[PDB]
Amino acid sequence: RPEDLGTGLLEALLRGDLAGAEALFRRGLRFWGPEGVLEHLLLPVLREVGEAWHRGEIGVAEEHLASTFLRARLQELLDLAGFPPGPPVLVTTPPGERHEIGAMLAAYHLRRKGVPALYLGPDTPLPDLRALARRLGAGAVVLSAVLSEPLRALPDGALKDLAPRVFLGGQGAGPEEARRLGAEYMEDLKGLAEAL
């Protein structure tokens, strides 16, 4: 039953039953819809994995396994959203940030609203990012920070003119760090599309 899908998915992953995990995920998709399954299945399982690690019950390998699975499910949804033409929004994470899920969520929410979000993958050097934005005439750059340490490593103003609009979010980011870096801060992914 739905309230038990999260537990089932997590237990499936922890015993290496990818087939079973995939079926459970698909059930979640059918029940909650695309946005629903992200809010009520993907994120809760990801958090529980994190909490289990933070508590010492599993290691990085189990975490990697679950993240890779969920990244694959999200990439599927990303390609089902389609990719509109027109000036792209480049989506990535700060240098040193290897966690991808936040960035992919942001790209997904934009693409569902008809915004051409180009997900680059994580960990993009800022000069290279600036150059690509300029060449493709990107309207915005969007950064997801799960950890605060990668943002702390950046100098003041580092994000300031990557693109006409620069957005920073994720639990690793706050309004003060965004201001220091010269980015706009946003808490809700659902409002990122509206903001553009």
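One-based numbering along the sequence shown. Throughout, rigid core stands for the largest set of C-alpha atoms superposing within 1.5 Å between the two forms.
Two stretches, 164-172 and 60-68, are weighed by how far their CA atoms sit from the shown form in 6 other deposited structures of this protein after rigid core superposition; the farther one is 60-68.
Two stretches, 51-59 and 141-149, are weighed by how far their CA atoms sit from the shown form in 6 other deposited structures of this protein after rigid core superposition; the farther one is 51-59. Remark: stretch with higher mean C-alpha B factor among 4-12 and 185-193 is 185-193. Averaged over Cα atoms, the B-factor as recorded in the entry is higher for 81-89 than for the other of 81-89 and 102-110. Across the options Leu42, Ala66, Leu29, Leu147, the residue with the most elevated CA B-factor in the record is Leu147. Sorting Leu143, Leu70, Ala163, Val60 by the CA temperature factor given in the entry leaves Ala163 at the top. Sorting the modelled residues of the chain by their CA temperature factor places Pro34 in the lowest third.
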